[PDB]
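Throughout, read-outs are computed from the coordinates displayed, never taken from laboratory work. Cβ placement follows ideal geometry from the backbone for every residue including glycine, while neighbour counts extend to all protein chains displayed.
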Amino acid sequence: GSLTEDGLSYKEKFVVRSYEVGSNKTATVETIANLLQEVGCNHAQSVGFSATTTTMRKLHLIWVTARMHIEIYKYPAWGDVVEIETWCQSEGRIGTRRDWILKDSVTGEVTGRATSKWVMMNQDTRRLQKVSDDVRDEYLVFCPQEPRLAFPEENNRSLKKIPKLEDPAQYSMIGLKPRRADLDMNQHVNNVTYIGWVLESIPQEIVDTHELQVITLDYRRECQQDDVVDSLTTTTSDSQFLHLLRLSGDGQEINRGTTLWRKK
Amino acid sequence: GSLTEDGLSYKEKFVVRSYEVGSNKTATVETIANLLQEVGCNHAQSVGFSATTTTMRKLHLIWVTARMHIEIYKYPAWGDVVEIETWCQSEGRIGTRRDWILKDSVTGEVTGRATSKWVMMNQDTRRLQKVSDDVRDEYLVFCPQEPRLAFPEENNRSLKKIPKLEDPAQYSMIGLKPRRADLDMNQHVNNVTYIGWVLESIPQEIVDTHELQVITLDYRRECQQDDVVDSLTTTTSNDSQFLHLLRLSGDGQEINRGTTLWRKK
Ligand SMILES: CNS(=O)(=O)c1cccc(C)c1F
Ligand SMILES: CNS(=O)(=O)c1cccc(C)c1F
């Protein structure tokens, strides 16, 4: 992959692998989400980051995902080339935004888009911070100056408030645990695992008849290596669902979400 | 990737990804196993296979993995390029063997090697059987004629008999279940999931202080999408060795057995 001419965005091609596809022989939304993260990491590495910046590594600050929104129009097939472009933007004290556009490399057609909201947080205390007084001028040089939005439409799905699912759930998958393949290099559960856990309470009949078009997920609290998760889904409708992940015991909320599915 | 000049083997390069690495900032053995499977798939495609032949698709026959043996000398770092060569050989009526060599693309040095034994199964009845000369003839052209072995050693760990771990296990991880990301495109549990389940009963202290050099895994029965697995490990030993068992958490039906060898970092 490479920074573009202007140095303000990053592009990378991926060939979809045999083990990356589901029952329709196209990429899973988990494979997509993993590629979004990989191109995000190659963007950071290209400009000298990693997404830590000098004064963050100093005060022990990290970027952590508050929110992920992905919309897929077509899932690439096994052996297809998908091109992903990614860029970041400041949203003032709130935090930072990373957006993605996915294209069919051959047709140059847009096959998906994604946006995500990141916040600061001290790694040790896990206390949510606001973007420094201004000292966070270290990274504005690497973002477009004028707004560039994968989701430009005022009042659009990517920004909607998600409510808390109420017991009893219509569906549940309980006792989900992460294995070592689910940890990142710093031994924290991978953001993509939570996507997989949310989708595990969708009934097989839906996954067999429908394709996933939209997923929005809030990250409230991290699941540790030795935590156990329950995944809850209720139909609210195309088929739409409301999602909740919570710790198997006390029922502490770790994620909430919505998905939208189209008949195949 | 491409077939080599003689079209008897297949080469492919992979750049190691951010999410494919462990605590060492190098590729997990599960990432490696997944790359072996991917390059194996691209070789099959390159010669007009599915890994079924015409006769196999007729008689409703598949190849299934009986055994996987991996030896890694060095795990490639995040952003490193690894080059994998793979080929198959007929083992007569017993089945087929697929072999792999892993190299540092830059230095050209051998960083790993693997071998696997495949047997024929009726899709529907799940009944193993000997290879028929008719089936054999259809793919023997695509294999070297003179033996080409990733593991030449006169007495090689790759072929050693694995015993059944004795209750009580020294260590265990209980209630392991597959999610949808553990299924392949035909909704069977991915062979690589079993590797990760075997490793889940190794204590964190070994993993933090050691590196996996060797893993041998026998595949006895398939775990189904709604099965639950128990993983059992006992120390059998500077080098730590373990004996492994995966079994269904209810009746305790065996799905896998294995051994691992670890060396101090
Ligand atoms: C993720 N958020 S970031 O670290 O603030 C950031 C902003 C701009 C460009 C890059 C590469 C970047 F990593
Ligand atoms: C698994 N063994 S195989 O499918 O019979 C086979 C034999 C030779 C070459 C190829 C590509 C092949 F896939």
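Numerical summary
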{"quantity": "Förster-model FRET efficiency, 60 Å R0, A:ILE94 and B:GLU154, C-beta, rounded to 0.05", "calculated": "0.35"}
{"quantity": "Part-to-part distance (alpha-carbon centres) for the stretch A:118-181 and the stretch A:72-89, which is given in Å", "calculated": "21 Å"}
{"quantity": "Phi to ³J(HN,Hα) by Karplus 6.51 cos²θ - 1.76 cosθ + 1.60 over the stretch B:109-126, Hz, x for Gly, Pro", "calculated": "6, 5, 9, x, 7, 8, 9, 9, 10, 10, 10, 9, 9, 5, 2, 7, 7, 6"}
{"quantity": "Global geometry of the stretch B:2-159, whether rounded, prolate or oblate, following the gyration tensor of its Cα atoms and the 1.5 cut on a/c", "calculated": "prolate"}
{"quantity": "Of the trypsin sites (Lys or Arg not before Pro) in the stretch B:83-184, those whose Cβ has at most 13 other Cβ within 10 Å and which sit in DSSP loop", "calculated": "B:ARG126, B:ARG127, B:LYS130, B:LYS160, B:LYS161, B:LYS164"}
{"quantity": "Total charge dipole magnitude, the protein assembly as shown, about the Cα centre, Cβ charges on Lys, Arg, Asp, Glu only, Debye to nearest 20", "calculated": "460 debye"}
{"quantity": "Shielding by partners - mean other protein chain Cβ count within 10 Å, residues of B:204-211", "calculated": "1"}
{"quantity": "Mean separation of Cα contacts under 8 Å, 6 or more apart, over the residue count of the stretch A:70-141: relative contact order %", "calculated": "28 percent"}
{"quantity": "Dipole magnitude of the stretch A:171-263, debye to nearest 20 (Cβ charges: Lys/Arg +1, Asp/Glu -1, about Cα centre)", "calculated": "60 debye"}
{"quantity": "Calculated FRET value between A:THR107 and B:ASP134, using beta carbons and R₀ = 41 Å, to 0.05", "calculated": "0.45"}
{"quantity": "B:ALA66 long-range amide H proximity, modeled H, under 5 Å", "calculated": "B:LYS117, B:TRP118, B:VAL119"}
{"quantity": "Restricting the stretch B:124-186 to GluC sites (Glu not before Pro) in coil, as DSSP defines it, with at most 13 other Cβ within 10 Å", "calculated": "B:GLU153, B:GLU154, B:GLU166"}
{"quantity": "Cross-link pairs beyond the 26 Å C-alpha cut-off, checked among A:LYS11/A:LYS117; B:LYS103/B:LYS264; A:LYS13/A:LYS74; A:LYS103/A:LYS164", "calculated": "A:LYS103/A:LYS164"}
{"quantity": "Helix-only CD estimate at 222 nm, as mean residue ellipticity for chain A, using -39500 (n - 2.57) per DSSP H run (n ≥ 4)", "calculated": "-4500 deg cm²/dmol"}
